[PDB]
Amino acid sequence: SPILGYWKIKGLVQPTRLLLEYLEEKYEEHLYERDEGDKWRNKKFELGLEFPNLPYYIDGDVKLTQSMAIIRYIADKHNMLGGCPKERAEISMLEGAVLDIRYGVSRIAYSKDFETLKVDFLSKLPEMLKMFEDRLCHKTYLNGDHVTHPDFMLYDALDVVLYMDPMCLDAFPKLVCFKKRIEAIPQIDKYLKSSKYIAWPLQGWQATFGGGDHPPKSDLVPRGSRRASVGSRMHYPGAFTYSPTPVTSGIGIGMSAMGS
């Protein structure tokens, strides 16, 4: 029996949590919360662990660690890494291209001036989110018709990003389909819906972003609300508060100029 260890947070072990789920895998995690920081420390080394750390994993003869060596290992056991050095290069490139955003936040997330480094991260994100959108043209998952580990990596990355700016995906309807498609997976459909699911925090309870015991909206910040309007409150079952509008006023119609 494998025992995945980590904190009771999304962190680095979330996507491996989504792969185990998706592969109907048997495992029992060793969750650690803020309180028991002393728990993991009087145990850390009594694990016969080569390179002590979190997330960890024990398959019996395999006392392994390192955040991403596990997810790949698990992805190895089932022939998911790659068949040839050619495509094994793709998965690692999708992997790494995902880690640029996953890590993008997890460097700026615990900083003092996250609020400022926040604007500059979202500035490169819409350029990164095109590399993944573009790649989905005629593709269920990043690598086509089958699922790969960097899929729960993109899902996780996409999930998190949607907390910084819940608008940074609109221009990307193919990435939103992608997310909605992973969630539409039974094994992933009955995990995000179980107790196992760890919906918070995003990083660590000590993270300026994705931190805390609760996920309220509280802070965050808009901008385009300092100008005119494009809202409407007519049959728009929203959720946030970005009042939509109508497509035109009926049909094409052209011409026109407006007035004020």
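Numbering starts at 1 and follows the sequence shown.
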Between 98-106 and 68-76, which has the higher average C-alpha B-factor in the PDB entry?
68-76
Mind pulling up the entry and telling me whether 190-198 or 58-66 has the higher mean Cα temperature factor?
58-66
So among 204, 37, 215, 52, who wins on Cα B-factor in the entry?
215
Per the deposited entry, the peak Cα B-factor within the set 179, 124, 88, 138 goes to 138
Which third, lowest, middle or highest, does the CA B-factor of residue 23 fall in along this chain?
middle
Give the position of residue 11 by CA B-factor within its chain, expressed as the lowest, middle or highest third.
middle
Residue 219's Cα B-factor: lowest, middle or highest third of the chain?
highest
Using the B-factors in the PDB entry, rank residue 145's C-alpha atom against the chain and give the third, lowest, middle or highest.
highest
Going by the recorded CA B-factors, say which third of the chain residue 117 sits in, lowest, middle or highest.
lowest
